[PDB]
Amino acid sequence: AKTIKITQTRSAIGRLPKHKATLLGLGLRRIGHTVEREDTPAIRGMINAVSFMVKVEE
Amino acid sequence: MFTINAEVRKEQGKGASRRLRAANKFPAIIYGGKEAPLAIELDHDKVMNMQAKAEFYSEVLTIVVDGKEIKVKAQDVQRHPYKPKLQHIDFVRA
Amino acid sequence: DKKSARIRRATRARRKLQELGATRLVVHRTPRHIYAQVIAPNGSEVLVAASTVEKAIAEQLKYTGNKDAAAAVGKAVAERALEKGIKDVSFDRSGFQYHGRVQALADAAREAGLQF
Amino acid sequence: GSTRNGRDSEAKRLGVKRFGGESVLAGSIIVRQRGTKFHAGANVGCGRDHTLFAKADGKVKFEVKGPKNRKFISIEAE
Amino acid sequence: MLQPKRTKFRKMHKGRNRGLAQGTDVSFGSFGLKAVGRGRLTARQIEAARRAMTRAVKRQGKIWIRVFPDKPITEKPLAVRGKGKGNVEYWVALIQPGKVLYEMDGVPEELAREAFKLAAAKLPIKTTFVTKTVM
RNA sequence: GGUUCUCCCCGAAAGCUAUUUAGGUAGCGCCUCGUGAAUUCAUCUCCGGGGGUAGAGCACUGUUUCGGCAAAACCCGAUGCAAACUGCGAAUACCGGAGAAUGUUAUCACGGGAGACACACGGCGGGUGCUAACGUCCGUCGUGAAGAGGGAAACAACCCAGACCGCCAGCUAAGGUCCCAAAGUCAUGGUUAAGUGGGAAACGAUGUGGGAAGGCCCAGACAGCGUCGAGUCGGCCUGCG
RNA sequence: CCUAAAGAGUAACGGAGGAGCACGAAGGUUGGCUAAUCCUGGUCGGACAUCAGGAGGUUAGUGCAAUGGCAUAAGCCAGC
RNA sequence: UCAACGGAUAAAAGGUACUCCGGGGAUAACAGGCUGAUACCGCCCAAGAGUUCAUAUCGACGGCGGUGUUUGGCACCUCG
RNA sequence: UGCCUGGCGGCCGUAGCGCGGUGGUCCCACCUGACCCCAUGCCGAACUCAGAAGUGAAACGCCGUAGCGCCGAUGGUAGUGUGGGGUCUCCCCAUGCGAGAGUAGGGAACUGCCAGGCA
Ligand SMILES: [K+]
Ligand SMILES: [K+]
Ligand SMILES: [K+]
Ligand SMILES: [K+]
Ligand SMILES: [K+]
Ligand SMILES: [K+]
Ligand SMILES: [K+]
Ligand SMILES: [K+]
Ligand SMILES: [K+]
Ligand SMILES: [K+]
Ligand SMILES: [K+]
Ligand SMILES: [Mg+2]
Ligand SMILES: [Mg+2]
Ligand SMILES: [Mg+2]
Ligand SMILES: [Mg+2]
Ligand SMILES: [Mg+2]
Ligand SMILES: [Mg+2]
Ligand SMILES: [Mg+2]
Ligand SMILES: [Mg+2]
Ligand SMILES: [Mg+2]
Ligand SMILES: [Mg+2]
Ligand SMILES: [Mg+2]
Ligand SMILES: [Mg+2]
Ligand SMILES: [Mg+2]
Ligand SMILES: [Mg+2]
Ligand SMILES: [Mg+2]
Ligand SMILES: [Mg+2]
Ligand SMILES: [Mg+2]
Ligand SMILES: [Mg+2]
Ligand SMILES: [Mg+2]
Ligand SMILES: [Mg+2]
Ligand SMILES: [Mg+2]
Ligand SMILES: [Mg+2]
Ligand SMILES: [Mg+2]
Ligand SMILES: [Mg+2]
Ligand SMILES: [Mg+2]
Ligand SMILES: [Mg+2]
Ligand SMILES: [Mg+2]
Ligand SMILES: [Mg+2]
Ligand SMILES: [Mg+2]
Ligand SMILES: [Mg+2]
Ligand SMILES: [Mg+2]
Ligand SMILES: [Mg+2]
Ligand SMILES: [Mg+2]
């Protein structure tokens with residue numbers, strides 16, 4: 001029901017493969033790109049994994 | 001005669017514990033009896049001076065925590081490996 | 001100790017029967033008595049039993065711990081097994097030599113109509 | 001000077017091939033091992049080189065049984 | 001010079017020297033010399049510090065050496081280029097912060113401090129004087 | 001050694017195995033084109049697994065120090081050490097199952113065409129070497145290679161960041177804002193006097209800031225000579241020099 | 001076997017050892033069995049031979065390296 | 001028989017300063033570079049020597065640095 | 001129904017050793033014989049058979065007792081994934097995971113099927 005807005009804040013260049021796969025899983029494509037996703041534990045786990053390069057709008 | 005003041009700890013674990021010691025306090029635990037264990041903070045310099053006296057380990061001490069007084073004996077102490085500091089104390093309820 | 005030494009003797013065969021998942025005919029033997037049990041594959045369920053401690057069988061016998069008593073118990077356990085309808089069992093000598101009284105029990109159970 | 005060492009043997013690719021909960025066909029090797037680090041439980045066979053293999057289809061289950069705390073592998077028929 | 005009487009193996013991997021020490025308390029005597037730094041102590045350094053320490057107390061009281069050089073160090077000869085690990089040249093003890101190196105008993109603290117000061121000048125690692133605690 | 005017009009799309013490798021093989025070549029891995037079959041594959045969450053690494057420990061295998069008992073070992077204790085020690089034991093990683101969302105179909109098979117099999121540096125875990133080398137050999141990730149732009153004076157491999165084309169628009173990243181040279185001679189509170197900042201150790205020393213105790217003290221201390229009248233003595237921790 | 005980073009794999013003129021066989025029983029099966037070491041006593045007999053009992057609990061054994069195994073023994077003995 | 005153990009032929013040694021060609025700074029010798037074990041130059045501790053007295057002059061056992069004259073390590077530049 | 005005993009499983013030391021007490025009608029054990037069935041690389045010890053005078057000594061089972069083995073928190077510490085930092089042979093910070101050892105404390109087990117004896 002509830003959605004969250006996620007924005008990519010740093011580059012993916014030089015990041016671990018897993019991190020690149022996570023951004024892809026969130027559907028983030030470039031710095032500044034914002035996406036809207038359902039707030040679930042699976043989504044939260046992804047955000048958690050790349051928290052250093054995304055910001056969340058609750 | 002030895003009286004100690006002690007807050008109750010909000011956070012626990014490595015991060016919190018290291019923050020305490022950076023702010024010149026140190027963690028401690030009271031256990032024993034039928035009451036559940038109580039995790040506390042102590043001022044470092046104050047207790048460091050007390051425990052220099054050898055009566056600290058023999059005598060029964062009082063810990064004033066949230067008003068209430070608790071009679072304890074110093075059970076175990078973790079010292080810093082080379083600096084003259086205390087990392088942790090175990091107090092057993094007397 | 002004798003009992004522990006016998007439990008050792010019995011383990012190989014018992015573990016094997018558990019693996020095969022066979023209905024056992026477990027025999028126990030003392031100087032005075034001899035017992036018999038048909039235990040189910042799971043191992044925690046006795047189907048039938050017979051012994052020289054039972055007064056139905058013991059009253060007919062001269063002595064309880066001899067070949068002739070074992071022969072009687074062998075006949076007894078087999079008849080009760082065929083009553084429920086088991087037939088196929090595996091004999092478990094339980095660490096005793098297949099000889100004398102144990103053999104006597106086993107022979108009597110075969111003749112009665114158990115298939116082993 | 002010189003060295004008297006410099007030798008080794010080929011690696012034998014031992015170890016667990018199918019972990020807990022994995023579905024295996026009968027025949028499937030579960031573990032390759034020197035000696036029985038794991039023992040065969042229900043529906044598992046032990047080969048001449050102590051390979052544990054499924055004797056039935058089902059799910060692999062590891063379990064510790066007995067006083068020695070021995071590790072058994074069994075197949076839960078599924 | 002301290003050295004194992006025998007060993008399973010002649011030569012040892014370099015390894016690393018992370019972590020804090022075990023044996024951080026004065027267990028035997030009344031006064032200790034404790035490592036504050038991290039490093040290696042050779043058998044020769046351990047002996048040189050022992051001699052200075054012993055002489056300073058005029059062979060009064062008792063001295064324990066808590067550290068033992070059990071790690072063999074190899075070196076390659078000069079003008080050698082590979083062609084196998086070098087030969088064992090000396091032995092070391094790995095020291096971590098907090099390790100009590102030496103203990104001493106049956107002397108005044110004043111004299112113990114002096115002896116350990118003389119000993120410390122022979123060692124490559126920073127040390128500190130420590131005393132036995134009740135707990 | 002050299003190999004001649006243009007534009008568009010994708011885009012490696014410098015590994016393994018074998019080789020009279022080592023600067024060659026072959027199969028496989030990695031690229032490309034095509035055809036075909038799966039909600040195939042990836043990320044996260046939950047669930048099911050095995051582990052013997054880090055750490056730790058010392059019953060075992062070895063090694064080590066000191067004691068208490070004894071014909072000066074064991075027995076009874078205290079204390080360490082281990083790549084080839086383990087009565088313990090993570091994080092991660094890996095295998096499998098389930099579920100959502102997202103993704104350039106990224107997975108798998110077969111077929112057409114390859115190139116490549118001299119790698120480099122940086123991080124992390126290591127062997128070797130002197131915990132020497134812009135050294136050497138592995139693992140794993142990143143970048144260069146095959147990657148321009150901004151930063152690090154200058155500087156493949158570091159930091160930020162991935163250039164379809166145009167603009168005399170705007171916002172940011174690392175990094176910066178006295179002049180060279182774009183932007184604070186910005187604000188508040190501290191520290192340093194060494195141009196420290198802007199090269200380095202053991203160790204030395206009334207440099208100076210902060211913190212916590214202690215000894216002595218108007219029953220007159222410390223310095224100077226019983227005299228004179230307020231703070232002083234000598235260590236600890238710590239910031240900057 | 002270690003290096004090898006708790007799945008597999010993983011290099012060096014890295015650290016250590018082995019093989020180039022043996023066995024018609026040392027294979028199969030059935031039945032049975034359980035070690036080392038030390039202490040106490042005992043002809044020759046001694047530190048150590050064989051006998052008895054106790055403690056011990058696999059510290060033994062496994063045809064040959066090392067590692068992983070082995071009591072239901074994979075160790076030891078006999079029948080066929 | 002292929003142990004050079006995926007085995008060139010069944011059958012396989014040397015010299016060349018009389019030399020030659022194709023190549024390589026993928027690889028040595030010179031010099032440069034990186035490094036600084038070694039070398040050289042300092043310093044710290046102070047047992048002791050110095051009639052007495054550690055420090056006039058020395059300085060054991062050990063410790064910490066500097067330089068880039070040595071011997072080396074590496075193989076980065078140069079073998080059209 | 002309860003108690004006790006035997007057998008077969010479920011449960012692996014909180015279930016094991018020790019120490020103190022306790023049980024023999026049945027059961028179990030030792031025990032009594034051995035010419036035989038069968039047995040000893042000698043031995044009726046064991047195995048086995050034929051028995052039931054004796055005995056609960058040993059063994060076995062049951063009850064008590066922390067004396068050990070053993071089990072074992074809480075807290076702290078070590079390590080560590082990801083991101084960041086330093087004085088970078090080693091560490092620190094944010095966040096997540098978090099031992100081993102030790103401490104308090106505990107511990108003298110629990111449970112199904114069948115049979116037998118007793119009240
Ligand atoms: K190839
Ligand atoms: K292809
Ligand atoms: K040990
Ligand atoms: K690397
Ligand atoms: K790239
Ligand atoms: K300056
Ligand atoms: K045989
Ligand atoms: K045989
Ligand atoms: K060859
Ligand atoms: K000539
Ligand atoms: K040249
Ligand atoms: Mg942390
Ligand atoms: Mg191997
Ligand atoms: Mg390591
Ligand atoms: Mg592209
Ligand atoms: Mg370790
Ligand atoms: Mg090649
Ligand atoms: Mg290559
Ligand atoms: Mg490489
Ligand atoms: Mg490295
Ligand atoms: Mg290199
Ligand atoms: Mg390097
Ligand atoms: Mg190229
Ligand atoms: Mg660039
Ligand atoms: Mg640039
Ligand atoms: Mg520039
Ligand atoms: Mg702006
Ligand atoms: Mg300007
Ligand atoms: Mg201003
Ligand atoms: Mg300067
Ligand atoms: Mg592995
Ligand atoms: Mg791994
Ligand atoms: Mg590889
Ligand atoms: Mg070959
Ligand atoms: Mg030429
Ligand atoms: Mg070159
Ligand atoms: Mg040169
Ligand atoms: Mg040179
Ligand atoms: Mg190279
Ligand atoms: Mg040049
Ligand atoms: Mg040049
Ligand atoms: Mg030219
Ligand atoms: Mg904890
Ligand atoms: Mg624990």
Side-chain angles (χ1 to χ4, degrees), chain A residues 11 13-14 16 18 21-22 24-27 37-38 40-43 45-46 49 52, chain B residues 12 14-15 17 27-29 31-32 37 39 45 49 75-76 78 84 87-88 90 92, chain C residues 1 3 8-9 11-12 15 26 28 30 35 37 39 42-46 49 51 53-54 63 66 97 99-100, chain D residues 2-3 5-6 11 13 15-16 18-22 33-37 50 60 62 66-67 69, chain E residues 4 6-9 11-19 22-23 27-28 38 44-45 47-49 51-52 55 64-68 70 75-76 78-79 81-85 118 121-124:
Chain A
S11 179
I13 299 170
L16 296 179
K18 267 196 182 297
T22 297
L24 191 273
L26 284 168
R37 295 294 171 243
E38 285 288 303
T40 62
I43 288 280
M46 286 190 275
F52 62 90
Chain B
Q12 305 189 129
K14 184 184 290 197
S17 300
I29 188 74
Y31 58 79
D45 291 358
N49 294 306
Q75 177 60 17
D76 185 63
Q78 293 179 10
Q87 273 204 298
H88 188 261
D90 297 21
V92 60
Chain C
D1 191 4
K3 192 172 70 177
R8 183 176 53 65
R9 280 189 294 252
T11 307
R12 172 76 79 179
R15 294 287 79 69
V26 185
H28 182 48
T30 62
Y35 307 78
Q37 290 171 292
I39 307 184
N42 64 67
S44 59
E45 180 176 61
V46 181
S51 47
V53 298
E54 290 181 1
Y63 182 67
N66 60 358
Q97 288 292 113
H99 180 87
Chain D
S2 67
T3 184
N5 310 310
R13 284 76 172 157
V16 173
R18 303 296 253 283
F19 293 87
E22 290 199 59
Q33 54 178 3
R34 297 284 167 248
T36 56
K37 184 179 292 86
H50 303 301
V60 179
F62 292 79
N69 301 299
Chain E
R6 48 185 298 291
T7 53
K8 291 192 297 194
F9 300 104
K11 299 178 189 192
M12 189 174 292
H13 287 165
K14 192 191 307 309
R16 297 292 184 283
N17 191 20
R18 285 182 61 191
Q22 264 54 56
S27 296
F28 299 89
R38 177 184 303 289
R44 285 178 183 292
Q45 297 160 354
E47 176 59 12
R51 288 175 186 166
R55 186 191 301 114
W64 295 262
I65 310 178
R66 299 281 304 280
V67 285
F68 195 87
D70 64 346
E75 294 186 298
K76 277 193 168 295
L78 188 66
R81 316 199 151 155
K83 316 295 178 196
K85 190 169 175 78
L118 293 169
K122 306 303 183 183
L123 300 178

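Order of the sequence lines fixes the chain letters, A, B, ..., with proteins taken first and strands second; residue numbering starts at 1 for each chain.
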May I ask you to say what [X] touches in the nucleic acid, namely base, sugar-phosphate or nothing, with a heavy-atom cut-off under 4.0 Å?
X: D:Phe62; value: sugar-phosphate
X: C:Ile39; value: sugar-phosphate
X: B:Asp90; value: base

is_stacked([N], [M]) at 5.5 Å centroid, 30° plane limits:
N: H:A37; M: H:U38; answer: yes
N: I:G81; M: I:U82; answer: yes
N: F:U4; M: F:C5; answer: no
N: F:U232; M: F:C233; answer: yes
N: F:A72; M: F:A73; answer: no

For [N], measure the glycosidic angle (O4'-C1'-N9-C4 for a purine, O4'-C1'-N1-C2 for a pyrimidine) and name it syn if it falls within 90° of 0, otherwise anti.
N: H:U16; value: anti
N: G:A5; value: syn
N: F:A93; value: anti
N: G:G46; value: syn
N: H:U69; value: anti

Going from [atom1] on [X] to [atom2] on [Y], what distance comes out if it is rounded to the nearest 0.5 angstrom?
X: C:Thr30; Y: C:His28; atom1: OG1; atom2: NE2; result: 6.0 Å
X: E:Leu118; Y: E:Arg51; atom1: CG; atom2: CZ; result: 15.0 Å
X: E:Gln45; Y: E:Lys122; atom1: CD; atom2: NZ; result: 11.5 Å

Report yes if at least one side-chain N or O of [X] is closer than 4.0 Å to OP1 or OP2 of [N]; otherwise report no.
X: C:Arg8; N: G:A73; value: no
X: E:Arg81; N: H:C74; value: yes
X: C:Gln97; N: G:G31; value: no
X: C:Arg12; N: G:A73; value: yes
X: E:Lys14; N: F:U131; value: yes
X: E:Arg16; N: F:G55; value: no
X: E:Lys85; N: G:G15; value: no
X: C:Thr30; N: I:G6; value: no

### Task
Indicate yes or no: at least one non-hydrogen side-chain atom of E:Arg38 is less than 4.5 angstrom from one of E:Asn17.
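E:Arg38 vs E:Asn17: side chains touch.
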Can we call [N] and [M] a base pair, counting Watson-Crick and G-U wobble only and needing both distances under 3.5 Å?
N: F:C28; M: F:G15; answer: yes
N: G:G75; M: G:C33; answer: yes
N: F:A98; M: F:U45; answer: yes
N: I:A50; M: I:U32; answer: yes

Please classify the sugar of [N] as north or south using the torsion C1'-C2'-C3'-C4'.
N: G:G45; answer: south
N: G:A49; answer: south
N: F:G127; answer: north

Under the 3.5 Å rule, do the base of [N] and the side chain of [X] count as making a donor-acceptor pair?
X: E:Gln22; N: F:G80; answer: no
X: C:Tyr35; N: I:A115; answer: no
X: B:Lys14; N: I:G79; answer: yes
X: D:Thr36; N: G:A74; answer: yes

Please determine, for [N], whether a Watson-Crick or G-U wobble partner exists with both distances under 3.5 Å, and give it or none.
N: G:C21; value: G:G63
N: F:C94; value: F:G49
N: I:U95; value: I:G81
N: F:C41; value: F:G103
N: F:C155; value: none
N: F:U143; value: F:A120
N: F:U63; value: F:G80
N: F:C31; value: F:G113

### Message
Please compare A:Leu16 and B:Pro37 by the position of their nearest nucleotide in RNA chain I and report the one closer to 5'.
### Response
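Result of the comparison: B:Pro37.
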#### Entry: Residue mapping more 5' on RNA chain F - nearest nucleotide basis, B:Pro84 or A:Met46
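Result of the comparison: A:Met46.
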### Query
For RNA chain F, whose closest nucleotide is more 5', that of E:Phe28 or that of D:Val60?
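It is D:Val60, whose closest nucleotide lies nearer the 5' terminus.
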### Message
Could you report the tightest heavy-atom contact between D:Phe62 and D:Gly20, atom names first, then the distance?
### Response
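Reported closest heavy-atom pair: CE1-N, 3.5 Å.
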### Query
Is there aromatic stacking of C:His28 against I:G7, centre distance under 5.5 Å, plane angle under 30°?
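C:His28 vs I:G7: stacking no.
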